[PDB]
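Taking the form deposited in one PDB entry, here's one chain by itself in C-alpha cells.
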C-alpha cells in the first residue's frame, strides 16, 4: 500500500478490499462509490477510524467530518429504524397517508406524508447515482429505493422531475441507470446534521461504502453531486 502492491487495481472500476485503505485511497475510489476522499475536507486525519464505532467522537462531528456517521446527532436506538418496520415503511412511503410509525428521520419520514403543508427546502444541487439496473426495473421498486436512501441520509429523498413531470432516470450505456435525486431538508431542523448540498450526501454515502457499512440492496456503482 505505501509502495509496490496493487497499483493496477487503483481506479479499475472494481472494488478490491485488499486495496481498500486510506493509504491506497479507498482502492482509488472504487470502494468509496467514486468519491476520491470522502474525508477530504475533514480537519482531523484519523476520523475514518472513529466513523465505524457506534459512539460519539465530538472532534469528528463537523459536516466536513461527515457527522461522525450521525453518532453524536442520534446517540440512542433512534440511530436506526426498527427492523420490524422495514417492510411496512417501504410499503407505506409517500402513499399520501400519514403513517406515524414511519414519521421519523431514521425510517425515511414516511416520504413526507405527515408534512404535506411544510414547503420543500431543497439542498443545493442534484444527487446523481449510477445503478446497474435498467430504468423500468429501478422504477418498479422506486418507493423502496427512495425510502432506503431517505433512511440512510436521515432526510427526505425524491426523484428530480423534468418539465413533463417525469422522474429523471435515464438508461446507462442497456446496462443500468443514471438517477437524478433531490434532497428535501424541510424536516431537517438545526448541532449540525443536515446535508447543505448533493456532494455532501454523495461523500457520506462514499464514506459508508469505504468502511463497508452501506447496506443498500441495489447495484450502486457511483455517486456525485451536480449543480
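Whichever C-alpha set is largest while still superposing within 1.5 Å between the two forms counts as the rigid core. Residue numbers count along the first chain shown, from 1.
Counting the unmodelled positions of the deposited sequence between residue 190 and residue 191 gives a small gap of 1 to 3 residues.
According to the record, 10 or more deposited residues between residue 173 and residue 174 are left without atomic coordinates.
Of the two segments examined, 34-42 and 195-203, it is 34-42 that shows the higher average Cα temperature factor in the deposited entry.
As recorded in the PDB entry, 21-29 is the stretch of 21-29 and 212-220 with the greater mean C-alpha temperature factor.
Remark: of 122, 138, 89, 143, 138 shows the highest value [criterion: C-alpha B-factor in the PDB entry]. The deposited CA B-factor of residue 185 belongs to the lowest third of values across its chain. Residue 134: CA B factor lies in the highest third for its chain, per the PDB record.
Beyond the structure shown, there is the form deposited in another entry, which is absent from this document and is the topic of what follows.
Remark: with the core as the superposition reference, the CA shift of residue 17 between the shown form and the other one reaches 2 Å or more.
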